[PDB]
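Heads up, the chain below is alone and in the form solved without the ligand; it's given as structure tokens.
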């Protein structure tokens, strides 16, 4: 299939990375809305409209499946996009719920959901987890991780202080942490290192990566063999400067 990948900006490169490593698709058209990014600090009406405009972008490109790599667009706009599309649209929330069902059999394990403000206020993850019977779920909007990560603050005292800022109030020590944002895989080890240090743990909590979860969902749903497509055609498109977005792709994808 010819696939589209939509994100608000460059964050979706963490999903594209998972897709590319799996070698499942031969043609991928990436579109990042880099003129208007971030979505996570904005309101549901604005985001829903952005999702619908992403469909208009892809319509002339005759894609067969659209991945919404953005957890924020997945949380707020996916249902409206799906109603307006004749092709399947797969977001990054449900695949992570499926991944949890498969990897977390104890329905009382403390799960911590991390995302943008918009993602967390939508309760998309809370509702879906409760529907599957999970009972011990906390959510946390770690808004400032996004701009720190885009400024390449992936280590150091600034990142640690920002983690302290958001994590210190936590009541429950999570056993599972959902990276419900495109950006957060880039600090996954730091988040693991946080909870091991400040809680004297031997093993980190289990982290759920949205890109890895959607690869697995897509392999199951569409019966897609891995390592089948070694030299895919990948095209990059952007609402802001595409050269800027391609330079970021080089960094995020290598």
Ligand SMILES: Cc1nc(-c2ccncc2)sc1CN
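Positions refer to the first chain, counted from 1.
Heads up, the form deposited with the ligand bound isn't pictured, but that's what we're talking about next.
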### Message
in the deposited complex, does residue 240 come within 4.5 Å of the ligand, counting heavy atoms only?
### Response
no
### Query
Looking in the deposited complex, any heavy atom of residue 245 within 4.5 Å of the ligand?
no
### Query
Is residue 22 close enough to the ligand in the deposited complex to count, meaning some heavy atom within 4.5 Å?
no
### Query
Looking at the partner-bound form in the deposited complex, is residue 1 within 4.5 Å of the ligand by any heavy atom?
no
### Heavy atom distance at most 4.5 Å to the ligand in the deposited complex, all of 99, 101 and 110
no
### Task
Just give me the residues of 68 to 87, first to last, that have a heavy atom within 4.5 Å of the ligand in the deposited complex.
none
